[PDB]
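Below is start01.cif, which holds mmCIF, N, CA, C and O atoms.
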data_run
loop_
_atom_site.label_atom_id
_atom_site.label_comp_id
_atom_site.auth_asym_id
_atom_site.auth_seq_id
_atom_site.Cartn_x
_atom_site.Cartn_y
_atom_site.Cartn_z
N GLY E 1 90.50 100.30 77.86
CA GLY E 1 89.80 101.57 77.94
C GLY E 1 90.38 102.62 77.01
O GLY E 1 91.25 102.32 76.19
N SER E 2 89.90 103.85 77.13
CA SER E 2 90.37 104.94 76.29
C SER E 2 91.78 105.36 76.69
O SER E 2 92.71 105.31 75.88
N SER E 3 91.93 105.79 77.94
CA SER E 3 93.23 106.22 78.45
C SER E 3 94.02 105.04 79.00
O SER E 3 93.50 104.22 79.76
N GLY E 4 95.29 104.95 78.61
CA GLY E 4 96.14 103.87 79.07
C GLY E 4 97.51 103.89 78.42
O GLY E 4 97.62 103.80 77.20
N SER E 5 98.55 104.00 79.24
CA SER E 5 99.92 104.04 78.74
C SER E 5 100.80 103.05 79.51
O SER E 5 100.55 102.75 80.67
N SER E 6 101.83 102.55 78.84
CA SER E 6 102.75 101.60 79.45
C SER E 6 103.83 102.32 80.24
O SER E 6 104.89 102.66 79.71
N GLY E 7 103.56 102.56 81.52
CA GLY E 7 104.52 103.24 82.37
C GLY E 7 104.24 103.03 83.85
O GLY E 7 105.14 102.66 84.61
N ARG E 8 103.00 103.26 84.26
CA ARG E 8 102.60 103.10 85.65
C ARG E 8 101.69 101.89 85.82
O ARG E 8 100.57 101.87 85.29
N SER E 9 102.16 100.89 86.55
CA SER E 9 101.38 99.68 86.78
C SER E 9 101.11 99.48 88.27
O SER E 9 102.02 99.42 89.09
N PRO E 10 99.82 99.40 88.62
CA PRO E 10 99.39 99.21 90.01
C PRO E 10 99.73 97.82 90.54
O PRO E 10 99.93 96.87 89.79
N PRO E 11 99.80 97.70 91.88
CA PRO E 11 100.11 96.43 92.54
C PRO E 11 98.99 95.41 92.40
O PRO E 11 97.84 95.69 92.73
N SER E 12 99.33 94.22 91.92
CA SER E 12 98.35 93.16 91.74
C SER E 12 98.71 91.94 92.58
O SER E 12 99.74 91.92 93.27
N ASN E 13 97.87 90.92 92.53
CA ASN E 13 98.09 89.69 93.28
C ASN E 13 98.04 89.96 94.78
O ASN E 13 98.77 89.34 95.56
N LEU E 14 97.19 90.89 95.18
CA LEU E 14 97.04 91.25 96.59
C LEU E 14 96.67 90.03 97.42
O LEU E 14 95.76 89.28 97.08
N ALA E 15 97.39 89.83 98.53
CA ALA E 15 97.13 88.70 99.41
C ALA E 15 97.09 89.14 100.87
O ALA E 15 98.12 89.50 101.45
N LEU E 16 95.90 89.12 101.46
CA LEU E 16 95.73 89.52 102.86
C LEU E 16 95.79 88.31 103.78
O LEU E 16 94.89 87.46 103.77
N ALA E 17 96.84 88.23 104.59
CA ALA E 17 97.01 87.13 105.52
C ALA E 17 96.93 87.61 106.97
O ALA E 17 97.64 88.53 107.36
N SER E 18 96.05 86.99 107.75
CA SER E 18 95.87 87.36 109.15
C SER E 18 96.56 86.36 110.07
O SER E 18 96.19 85.19 110.13
N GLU E 19 97.59 86.83 110.78
CA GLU E 19 98.33 85.98 111.69
C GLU E 19 97.99 86.30 113.14
O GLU E 19 98.20 85.49 114.04
N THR E 20 97.45 87.50 113.36
CA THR E 20 97.07 87.93 114.70
C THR E 20 95.89 88.90 114.66
O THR E 20 95.74 89.69 113.72
N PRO E 21 95.04 88.85 115.69
CA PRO E 21 93.86 89.72 115.79
C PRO E 21 94.24 91.17 116.05
O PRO E 21 93.37 92.02 116.22
N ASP E 22 95.54 91.45 116.08
CA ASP E 22 96.03 92.80 116.32
C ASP E 22 96.79 93.32 115.11
O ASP E 22 97.12 94.51 115.03
N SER E 23 97.06 92.43 114.16
CA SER E 23 97.79 92.81 112.95
C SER E 23 97.35 91.95 111.76
O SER E 23 96.86 90.83 111.94
N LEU E 24 97.52 92.48 110.56
CA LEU E 24 97.14 91.77 109.35
C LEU E 24 98.22 91.91 108.27
O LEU E 24 98.52 93.02 107.83
N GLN E 25 98.78 90.78 107.85
CA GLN E 25 99.82 90.78 106.83
C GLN E 25 99.22 91.02 105.45
O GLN E 25 98.14 90.53 105.14
N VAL E 26 99.94 91.77 104.62
CA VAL E 26 99.48 92.07 103.27
C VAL E 26 100.66 92.27 102.32
O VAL E 26 101.58 93.03 102.61
N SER E 27 100.62 91.59 101.18
CA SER E 27 101.68 91.69 100.19
C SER E 27 101.11 91.88 98.79
O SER E 27 99.89 91.99 98.62
N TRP E 28 101.99 91.93 97.80
CA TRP E 28 101.56 92.11 96.41
C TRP E 28 102.75 91.98 95.46
O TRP E 28 103.90 91.97 95.89
N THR E 29 102.46 91.88 94.17
CA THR E 29 103.50 91.75 93.16
C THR E 29 103.87 93.11 92.58
O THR E 29 103.11 93.72 91.83
N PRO E 30 105.07 93.59 92.93
CA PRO E 30 105.58 94.88 92.45
C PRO E 30 105.91 94.86 90.96
O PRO E 30 106.41 93.87 90.42
N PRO E 31 105.63 95.98 90.27
CA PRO E 31 105.89 96.11 88.84
C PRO E 31 107.39 96.17 88.52
O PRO E 31 108.22 96.07 89.42
N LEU E 32 107.71 96.33 87.25
CA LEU E 32 109.10 96.41 86.81
C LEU E 32 109.62 97.84 86.90
O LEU E 32 110.81 98.06 87.12
N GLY E 33 108.72 98.80 86.73
CA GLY E 33 109.11 100.20 86.79
C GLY E 33 109.53 100.62 88.19
O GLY E 33 109.14 100.00 89.18
N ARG E 34 110.33 101.68 88.27
CA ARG E 34 110.81 102.18 89.55
C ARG E 34 109.69 102.86 90.32
O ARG E 34 109.08 103.82 89.84
N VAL E 35 109.41 102.36 91.52
CA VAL E 35 108.36 102.93 92.36
C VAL E 35 108.95 103.64 93.57
O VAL E 35 109.71 103.06 94.34
N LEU E 36 108.58 104.91 93.74
CA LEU E 36 109.07 105.71 94.86
C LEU E 36 108.61 105.12 96.19
O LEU E 36 109.42 104.71 97.02
N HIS E 37 107.29 105.08 96.38
CA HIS E 37 106.71 104.55 97.61
C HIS E 37 105.36 103.90 97.33
O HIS E 37 104.81 104.03 96.24
N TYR E 38 104.83 103.21 98.33
CA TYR E 38 103.54 102.54 98.20
C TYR E 38 102.51 103.14 99.16
O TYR E 38 102.53 102.86 100.36
N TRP E 39 101.62 103.97 98.62
CA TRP E 39 100.59 104.61 99.43
C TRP E 39 99.50 103.61 99.81
O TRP E 39 98.62 103.30 99.01
N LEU E 40 99.57 103.11 101.04
CA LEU E 40 98.59 102.14 101.52
C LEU E 40 97.47 102.84 102.28
O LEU E 40 97.72 103.72 103.11
N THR E 41 96.23 102.45 102.00
CA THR E 41 95.07 103.04 102.65
C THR E 41 94.08 101.96 103.10
O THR E 41 93.18 101.60 102.35
N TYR E 42 94.27 101.46 104.31
CA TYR E 42 93.39 100.43 104.85
C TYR E 42 92.25 101.04 105.65
O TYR E 42 92.36 102.16 106.15
N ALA E 43 91.15 100.30 105.76
CA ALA E 43 89.98 100.78 106.50
C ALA E 43 88.93 99.68 106.62
O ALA E 43 89.01 98.63 105.97
N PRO E 44 87.92 99.92 107.48
CA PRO E 44 86.84 98.96 107.71
C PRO E 44 85.91 98.83 106.50
O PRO E 44 85.01 99.64 106.31
N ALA E 45 86.15 97.80 105.69
CA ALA E 45 85.33 97.56 104.51
C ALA E 45 83.88 97.93 104.76
O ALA E 45 83.24 98.58 103.93
N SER E 46 83.36 97.51 105.91
CA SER E 46 81.97 97.80 106.27
C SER E 46 81.60 99.23 105.90
O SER E 46 80.56 99.47 105.28
N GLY E 47 82.44 100.17 106.29
CA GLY E 47 82.18 101.57 105.99
C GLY E 47 81.46 102.28 107.12
O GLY E 47 80.39 102.86 106.92
N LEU E 48 82.04 102.23 108.32
CA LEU E 48 81.45 102.87 109.48
C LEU E 48 82.40 103.90 110.09
O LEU E 48 81.99 104.99 110.49
N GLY E 49 83.68 103.54 110.16
CA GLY E 49 84.67 104.44 110.71
C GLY E 49 85.43 105.20 109.64
O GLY E 49 85.19 105.04 108.45
N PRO E 50 86.38 106.05 110.07
CA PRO E 50 87.19 106.86 109.16
C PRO E 50 88.18 106.01 108.36
O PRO E 50 88.30 104.81 108.59
N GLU E 51 88.88 106.65 107.43
CA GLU E 51 89.85 105.95 106.60
C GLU E 51 91.27 106.22 107.09
O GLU E 51 91.62 107.35 107.44
N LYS E 52 92.10 105.18 107.11
CA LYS E 52 93.48 105.31 107.55
C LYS E 52 94.44 105.23 106.37
O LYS E 52 94.02 105.13 105.22
N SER E 53 95.74 105.29 106.66
CA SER E 53 96.76 105.23 105.62
C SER E 53 98.15 105.06 106.23
O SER E 53 98.48 105.70 107.22
N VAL E 54 98.95 104.18 105.62
CA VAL E 54 100.30 103.93 106.10
C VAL E 54 101.30 103.90 104.95
O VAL E 54 101.06 103.26 103.92
N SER E 55 102.42 104.59 105.13
CA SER E 55 103.45 104.65 104.10
C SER E 55 104.30 103.38 104.11
O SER E 55 104.43 102.72 105.14
N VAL E 56 104.87 103.05 102.95
CA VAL E 56 105.70 101.86 102.83
C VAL E 56 106.80 102.07 101.80
O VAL E 56 106.59 102.64 100.73
N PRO E 57 108.01 101.59 102.12
CA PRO E 57 109.17 101.71 101.23
C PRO E 57 109.04 100.83 99.98
O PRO E 57 109.13 99.61 100.06
N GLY E 58 108.83 101.47 98.84
CA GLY E 58 108.70 100.73 97.59
C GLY E 58 109.63 99.54 97.52
O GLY E 58 109.32 98.54 96.87
N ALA E 59 110.78 99.65 98.18
CA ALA E 59 111.76 98.57 98.19
C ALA E 59 111.10 97.22 98.45
O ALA E 59 111.42 96.23 97.79
N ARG E 60 110.18 97.20 99.40
CA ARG E 60 109.48 95.97 99.75
C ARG E 60 108.07 95.97 99.16
O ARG E 60 107.47 97.02 98.96
N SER E 61 107.55 94.77 98.88
CA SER E 61 106.22 94.63 98.31
C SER E 61 105.25 94.04 99.33
O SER E 61 104.36 93.26 98.98
N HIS E 62 105.43 94.42 100.59
CA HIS E 62 104.57 93.92 101.67
C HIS E 62 104.64 94.84 102.88
O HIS E 62 105.56 95.64 103.02
N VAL E 63 103.65 94.73 103.76
CA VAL E 63 103.60 95.55 104.97
C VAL E 63 102.53 95.04 105.93
O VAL E 63 101.49 94.54 105.51
N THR E 64 102.79 95.18 107.22
CA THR E 64 101.85 94.74 108.25
C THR E 64 101.14 95.93 108.89
O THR E 64 101.77 96.93 109.25
N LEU E 65 99.83 95.82 109.04
CA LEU E 65 99.03 96.89 109.64
C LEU E 65 98.64 96.53 111.07
O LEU E 65 97.64 95.85 111.31
N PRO E 66 99.43 97.00 112.04
CA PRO E 66 99.18 96.75 113.46
C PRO E 66 97.95 97.49 113.98
O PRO E 66 97.29 98.20 113.23
N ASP E 67 97.66 97.31 115.26
CA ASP E 67 96.51 97.96 115.87
C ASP E 67 95.22 97.62 115.12
O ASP E 67 94.45 98.50 114.76
N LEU E 68 95.00 96.33 114.90
CA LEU E 68 93.81 95.87 114.19
C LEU E 68 92.85 95.16 115.14
O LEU E 68 93.23 94.78 116.24
N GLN E 69 91.61 95.00 114.70
CA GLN E 69 90.59 94.34 115.51
C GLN E 69 90.49 92.86 115.16
O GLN E 69 91.27 92.35 114.36
N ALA E 70 89.54 92.17 115.78
CA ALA E 70 89.34 90.75 115.53
C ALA E 70 88.06 90.50 114.74
O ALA E 70 87.15 91.33 114.73
N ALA E 71 87.99 89.35 114.08
CA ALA E 71 86.82 88.99 113.29
C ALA E 71 86.29 90.20 112.51
O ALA E 71 85.10 90.52 112.57
N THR E 72 87.18 90.86 111.79
CA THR E 72 86.81 92.03 111.00
C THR E 72 87.82 92.29 109.88
O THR E 72 88.98 92.58 110.14
N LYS E 73 87.35 92.18 108.64
CA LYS E 73 88.21 92.41 107.49
C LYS E 73 88.58 93.88 107.35
O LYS E 73 88.11 94.72 108.13
N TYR E 74 89.42 94.20 106.37
CA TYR E 74 89.84 95.57 106.14
C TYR E 74 90.13 95.81 104.66
O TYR E 74 90.92 95.09 104.05
N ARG E 75 89.48 96.82 104.10
CA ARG E 75 89.67 97.16 102.69
C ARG E 75 91.03 97.81 102.46
O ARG E 75 91.17 99.03 102.58
N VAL E 76 92.02 97.00 102.14
CA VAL E 76 93.37 97.49 101.89
C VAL E 76 93.50 98.05 100.48
O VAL E 76 93.40 97.31 99.49
N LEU E 77 93.74 99.35 100.38
CA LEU E 77 93.88 100.01 99.08
C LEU E 77 95.32 100.49 98.87
O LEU E 77 95.75 101.46 99.48
N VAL E 78 96.05 99.79 98.00
CA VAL E 78 97.43 100.15 97.71
C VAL E 78 97.54 100.90 96.39
O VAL E 78 96.68 100.76 95.51
N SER E 79 98.59 101.70 96.26
CA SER E 79 98.80 102.49 95.05
C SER E 79 100.29 102.73 94.82
O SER E 79 101.00 103.19 95.71
N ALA E 80 100.76 102.43 93.61
CA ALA E 80 102.16 102.61 93.26
C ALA E 80 102.43 104.05 92.84
O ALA E 80 101.81 104.57 91.91
N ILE E 81 103.36 104.70 93.54
CA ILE E 81 103.71 106.08 93.24
C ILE E 81 104.96 106.16 92.36
O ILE E 81 105.98 105.56 92.67
N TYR E 82 104.85 106.89 91.26
CA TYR E 82 105.97 107.04 90.33
C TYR E 82 106.38 108.50 90.20
O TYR E 82 105.70 109.40 90.70
N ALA E 83 107.50 108.74 89.53
CA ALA E 83 108.00 110.10 89.33
C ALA E 83 106.94 110.98 88.69
O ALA E 83 106.73 112.12 89.11
N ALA E 84 106.28 110.46 87.66
CA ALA E 84 105.24 111.21 86.96
C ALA E 84 103.96 111.26 87.78
O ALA E 84 103.38 112.33 87.97
N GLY E 85 103.52 110.10 88.26
CA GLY E 85 102.30 110.05 89.05
C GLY E 85 102.06 108.68 89.65
O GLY E 85 102.84 107.75 89.42
N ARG E 86 100.99 108.54 90.42
CA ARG E 86 100.65 107.28 91.05
C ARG E 86 99.56 106.55 90.27
O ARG E 86 98.64 107.18 89.75
N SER E 87 99.67 105.23 90.21
CA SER E 87 98.69 104.42 89.49
C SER E 87 97.40 104.27 90.30
O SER E 87 97.33 104.70 91.45
N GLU E 88 96.39 103.67 89.69
CA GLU E 88 95.11 103.47 90.35
C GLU E 88 95.30 102.79 91.71
O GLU E 88 96.42 102.49 92.12
N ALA E 89 94.19 102.55 92.41
CA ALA E 89 94.23 101.91 93.71
C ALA E 89 93.54 100.56 93.69
O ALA E 89 92.45 100.42 93.13
N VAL E 90 94.17 99.56 94.29
CA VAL E 90 93.62 98.21 94.33
C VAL E 90 93.12 97.87 95.73
O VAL E 90 93.90 97.83 96.69
N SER E 91 91.82 97.62 95.85
CA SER E 91 91.22 97.28 97.13
C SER E 91 91.26 95.77 97.37
O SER E 91 91.29 94.99 96.43
N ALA E 92 91.26 95.38 98.64
CA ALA E 92 91.30 93.97 99.01
C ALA E 92 90.88 93.77 100.46
O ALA E 92 91.55 94.23 101.38
N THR E 93 89.76 93.08 100.66
CA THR E 93 89.25 92.82 102.00
C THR E 93 89.80 91.51 102.55
O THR E 93 89.74 90.47 101.88
N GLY E 94 90.32 91.55 103.77
CA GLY E 94 90.87 90.36 104.39
C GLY E 94 90.46 90.22 105.84
O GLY E 94 90.93 90.96 106.70
N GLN E 95 89.58 89.26 106.12
CA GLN E 95 89.11 89.03 107.48
C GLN E 95 90.28 88.79 108.43
O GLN E 95 91.18 88.01 108.13
N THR E 96 90.25 89.47 109.57
CA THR E 96 91.31 89.33 110.56
C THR E 96 91.23 87.98 111.27
O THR E 96 90.35 87.18 110.98
N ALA E 97 92.16 87.75 112.19
CA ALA E 97 92.19 86.50 112.94
C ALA E 97 91.27 86.57 114.16
O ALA E 97 90.96 87.65 114.66
N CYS E 98 90.84 85.40 114.63
CA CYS E 98 89.95 85.33 115.79
C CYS E 98 90.75 85.33 117.08
O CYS E 98 91.88 84.83 117.15
N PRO E 99 90.16 85.91 118.14
CA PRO E 99 90.81 86.00 119.46
C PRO E 99 90.91 84.64 120.14
O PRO E 99 89.94 83.90 120.22
N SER E 100 92.11 84.32 120.63
CA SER E 100 92.34 83.05 121.30
C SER E 100 93.56 83.14 122.22
O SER E 100 94.67 83.42 121.77
N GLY E 101 93.34 82.89 123.51
CA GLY E 101 94.42 82.95 124.47
C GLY E 101 94.03 82.40 125.82
O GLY E 101 92.84 82.27 126.15
N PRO E 102 95.03 82.05 126.64
CA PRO E 102 94.81 81.50 127.98
C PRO E 102 94.24 82.54 128.95
O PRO E 102 94.81 83.62 129.11
N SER E 103 93.13 82.20 129.59
CA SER E 103 92.49 83.11 130.54
C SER E 103 91.85 82.33 131.68
O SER E 103 91.33 81.23 131.49
N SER E 104 91.88 82.91 132.88
CA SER E 104 91.30 82.27 134.05
C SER E 104 89.92 82.83 134.35
O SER E 104 89.57 83.09 135.51
N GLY E 105 89.12 83.03 133.30
CA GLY E 105 87.78 83.55 133.47
C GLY E 105 86.77 82.88 132.56
O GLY E 105 86.14 81.89 132.95
#

Turn this file's structure into structure tokens for me.
Amino acid sequence: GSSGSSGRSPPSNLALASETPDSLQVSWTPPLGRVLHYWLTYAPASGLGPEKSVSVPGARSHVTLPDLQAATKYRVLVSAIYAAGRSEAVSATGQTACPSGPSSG
């Protein structure tokens, strides 16, 4: 494109893994540059409810989003924050896990 400099690189290789219908694992490949924090913004891809957001220590390139629903993906939008500014946002929809457990009903 027109604008583009070698300094701020957004998180790529997004991988949404669902291990539980109450939480969804999500990771990515961190850049070489020093990143202050990772502004995560997950929400219902569908687009019916409000938008959420959870902070994460740049130190790690992954984070789990608890309090999630079942059989429902989530548009995870991550963004690398730098001293100068934050890079673009990368979206990624990942269907959650299905409900399964012992019940006497």

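For the residues E:70, E:84, E:5, E:31, ranking by smallest atom-to-atom distance to residue 58 in chain E using only N, CA, C and O atoms places E:31 first.
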
**OP:** Please give the complete set of residues from chain E that DSSP, run on the backbone, assigns to strand (DSSP E), formatted as JSON, numbers by chain.
**Re:** {"E": [12, 13, 14, 15, 16, 17, 18, 19, 20, 23, 24, 25, 26, 27, 28, 29, 62, 63, 64, 65]}

Original post:
Applied to this file, what does the PyMOL selection byres ((chain E and resi 22) around 4.5) return in terms of residues, put as a ChimeraX atom specification?
Top reply: /E:20-21,23,65-68

Go ahead and save the picked residues with N, CA, C and O atoms, as a PDB file, keeping the file's coordinate frame.
ATOM      1  N   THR E  20      97.450  87.500 113.360  1.00  0.00           N
ATOM      2  CA  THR E  20      97.070  87.930 114.700  1.00  0.00           C
ATOM      3  C   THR E  20      95.890  88.900 114.660  1.00  0.00           C
ATOM      4  O   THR E  20      95.740  89.690 113.720  1.00  0.00           O
ATOM      5  N   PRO E  21      95.040  88.850 115.690  1.00  0.00           N
ATOM      6  CA  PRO E  21      93.860  89.720 115.790  1.00  0.00           C
ATOM      7  C   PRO E  21      94.240  91.170 116.050  1.00  0.00           C
ATOM      8  O   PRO E  21      93.370  92.020 116.220  1.00  0.00           O
ATOM      9  N   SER E  23      97.060  92.430 114.160  1.00  0.00           N
ATOM     10  CA  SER E  23      97.790  92.810 112.950  1.00  0.00           C
ATOM     11  C   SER E  23      97.350  91.950 111.760  1.00  0.00           C
ATOM     12  O   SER E  23      96.860  90.830 111.940  1.00  0.00           O
ATOM     13  N   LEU E  65      99.830  95.820 109.040  1.00  0.00           N
ATOM     14  CA  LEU E  65      99.030  96.890 109.640  1.00  0.00           C
ATOM     15  C   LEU E  65      98.640  96.530 111.070  1.00  0.00           C
ATOM     16  O   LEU E  65      97.640  95.850 111.310  1.00  0.00           O
ATOM     17  N   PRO E  66      99.430  97.000 112.040  1.00  0.00           N
ATOM     18  CA  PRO E  66      99.180  96.750 113.460  1.00  0.00           C
ATOM     19  C   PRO E  66      97.950  97.490 113.980  1.00  0.00           C
ATOM     20  O   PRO E  66      97.290  98.200 113.230  1.00  0.00           O
ATOM     21  N   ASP E  67      97.660  97.310 115.260  1.00  0.00           N
ATOM     22  CA  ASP E  67      96.510  97.960 115.870  1.00  0.00           C
ATOM     23  C   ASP E  67      95.220  97.620 115.120  1.00  0.00           C
ATOM     24  O   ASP E  67      94.450  98.500 114.760  1.00  0.00           O
ATOM     25  N   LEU E  68      95.000  96.330 114.900  1.00  0.00           N
ATOM     26  CA  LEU E  68      93.810  95.870 114.190  1.00  0.00           C
ATOM     27  C   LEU E  68      92.850  95.160 115.140  1.00  0.00           C
ATOM     28  O   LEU E  68      93.230  94.780 116.240  1.00  0.00           O
TER      29      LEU E  68
END

**OP:** Just say which residues the PyMOL selection byres (((chain E and resi 73 and name CA) around 7) and name CA) picks in this file, as a count of residues only.
**Re:** 10

**OP:** Give me, please, the distance in Å between CA of residue 79 in chain E and atom N of residue 12 in chain E, quoted to one decimal.
**Re:** 8.9 Å

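Note that the spacing between CA of residue 8 in chain E and atom O of residue 81 in chain E amounts to 8.2 Å.
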
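Compared by their closest atoms to residue 40 in chain E, and using all atoms listed in the file, the residues E:80, E:98, E:17, E:24 rank with E:80 nearest.
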
**OP:** Rounded to one decimal place, report the atom N of residue 83 in chain E-atom N of residue 63 in chain E distance in Å.
**Re:**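 The value is 20.3 Å.
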
**OP:** Please provide the set of residues having any atom within 9 Å of range 49-55 of chain E, restricted to only C-alpha atoms, with same-chain residues fewer than 5 positions apart removed, written as a VMD selection string.
**Re:** chain E and resid 37 to 44 65 77

When the PyMOL selection byres ((chain E and resi 13) around 4.5) is applied to the file above, which residues end up in the set, as a tab-separated table (two decimals) with N, CA, C and O atoms, in the coordinates of the input?
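Contents of the output file result.tsv:
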chain	number	residue	atom	x	y	z
E	12	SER	N	99.33	94.22	91.92
E	12	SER	CA	98.35	93.16	91.74
E	12	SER	C	98.71	91.94	92.58
E	12	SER	O	99.74	91.92	93.27
E	14	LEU	N	97.19	90.89	95.18
E	14	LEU	CA	97.04	91.25	96.59
E	14	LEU	C	96.67	90.03	97.42
E	14	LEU	O	95.76	89.28	97.08
E	15	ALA	N	97.39	89.83	98.53
E	15	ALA	CA	97.13	88.70	99.41
E	15	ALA	C	97.09	89.14	100.87
E	15	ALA	O	98.12	89.50	101.45
E	27	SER	N	100.62	91.59	101.18
E	27	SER	CA	101.68	91.69	100.19
E	27	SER	C	101.11	91.88	98.79
E	27	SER	O	99.89	91.99	98.62
E	28	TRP	N	101.99	91.93	97.80
E	28	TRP	CA	101.56	92.11	96.41
E	28	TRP	C	102.75	91.98	95.46
E	28	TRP	O	103.90	91.97	95.89

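Proximity ranking of E:56, E:103, E:86, E:64 relative to residue 25 in chain E places E:64 first, based on only N, CA, C and O atoms.
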